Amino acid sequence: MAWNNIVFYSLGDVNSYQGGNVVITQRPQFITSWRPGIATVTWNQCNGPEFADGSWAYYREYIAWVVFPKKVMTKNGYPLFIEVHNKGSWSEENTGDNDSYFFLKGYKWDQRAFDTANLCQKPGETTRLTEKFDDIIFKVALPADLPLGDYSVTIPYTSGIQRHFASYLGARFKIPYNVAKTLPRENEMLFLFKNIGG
């Protein structure tokens, strides 16, 4: 029978970005970059063989994901409104969700492969993801009642690659958006700025 194995490899990079001194009318920006590194399985769904031994054909479909919040609360209890400034080539999907942005990039599909590989790594197992993807530039709208002073906002978010292995040519799968937005948010963008007022 036909089989499909899908595994989500989660990246866990911590980065920071300085917005500097801002007046309340500014939309200061921050850049999120994709850093190749070690990723951990945080989700899978498999019904096929556990691994390929280098002698038989299977098919690959890989899709990169970034799931980012639309609103973040400061530690003093105020909302910061996150807006997309420049998403590059990313596919911005499921735009009606009120809480999260979904950025996808399907970069490999229908690729026949033979070589040895674990086709269904379990949660907590790791691999090195060598892929590089485009930056995403966001901008922040501050509420007019934001208290004056220093802000250091930790924005947790999910980024990683969905790897789909199948027994046939033409195989397609996408992790449901509501599962993707409930995946561990292992990346962090620490946005630093100071509210000078208005």
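Think of the rigid core as the biggest set of C-alphas that the two forms share within 1.5 Å after superposition. In case it trips you up, residue 1 is the first one in the sequence shown, and so on.
Chemist: Comparing C-alpha positions in 5 other deposited structures of this protein against this form, with the rigid core used for the fit, which stretch differs more, 69 to 77 or 117 to 125?
Modeler: Farther from the shown form on average in 5 other deposited structures of this protein: 69 to 77.
Chemist: Given a rigid core fit, name the stretch, 17 to 25 or 183 to 191, whose C-alphas are on average farther from the form shown here in 5 other deposited structures of this protein.
Modeler: It is 17 to 25 whose C-alphas lie farther from the shown form in 5 other deposited structures of this protein.
Chemist: So, looking at the entry's B-factor column for Cα atoms, which has the higher mean, 61 to 69 or 37 to 45?
Modeler: It is 37 to 45.
Chemist: If you take the mean CA temperature factor per stretch, which one wins between 89 to 97 and 103 to 111?
Modeler: In the deposited entry, the stretch with the higher C-alpha B-factor mean is 89 to 97.
Chemist: For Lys139, does the deposited CA B-factor place it in the lowest, middle or highest third of the chain?
Modeler: As the PDB entry reports it, the C-alpha B-factor of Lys139 lands in the middle third of its chain.
Chemist: Considering only modelled residues of the same chain, in which third does the CA B-factor of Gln121 rank: lowest, middle or highest?
Modeler: Lowest third, going by the recorded CA B-factors of the chain.
Chemist: What third of its chain's C-alpha B-factors does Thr154 belong to: lowest, middle or highest?
Modeler: Bottom third by C-alpha B-factor.
Chemist: By its CA B factor, does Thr32 count among the lowest, middle or highest third of the modelled residues in the chain?
Modeler: It falls in the middle third of the chain.
Chemist: Split into thirds by Cα B-factor across the chain's modelled residues, where does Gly54 land: lowest, middle or highest?
Modeler: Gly54: CA B-factor falls in the highest third of its chain.
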